[PDB]
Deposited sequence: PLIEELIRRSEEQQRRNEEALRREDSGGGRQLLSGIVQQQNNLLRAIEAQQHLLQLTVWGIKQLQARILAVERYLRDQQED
């Protein structure tokens, strides 16, 4: 799963920015790229679920119609 890789990568960069808080600006900027990539990967997965739900809707509808048509 890429998203968990981008999340682990962001968790590392977070610890480094916090430790460095205790190089920083560049690390904050990189971390913003990590988060943006995660959001983008999540958006891709979300789009897939939306299409999957539409597919299931069509399949259920076909079954409901079949059962209506069998009653005649």
item: Deposited-sequence ranges lacking C-alpha coordinates, in sequence order; value: 23 to 30, 81
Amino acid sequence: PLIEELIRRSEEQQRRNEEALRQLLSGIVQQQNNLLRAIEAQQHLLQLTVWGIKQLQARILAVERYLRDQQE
From here on, numbers count along this sequence of modelled residues.
property	result
Mean temperature factor over C-alpha atoms, higher-scoring stretch between 53 to 61 and 12 to 20	12 to 20
Given 42 to 50 and 28 to 36, the range whose Cα B-factors average higher in the PDB entry	28 to 36
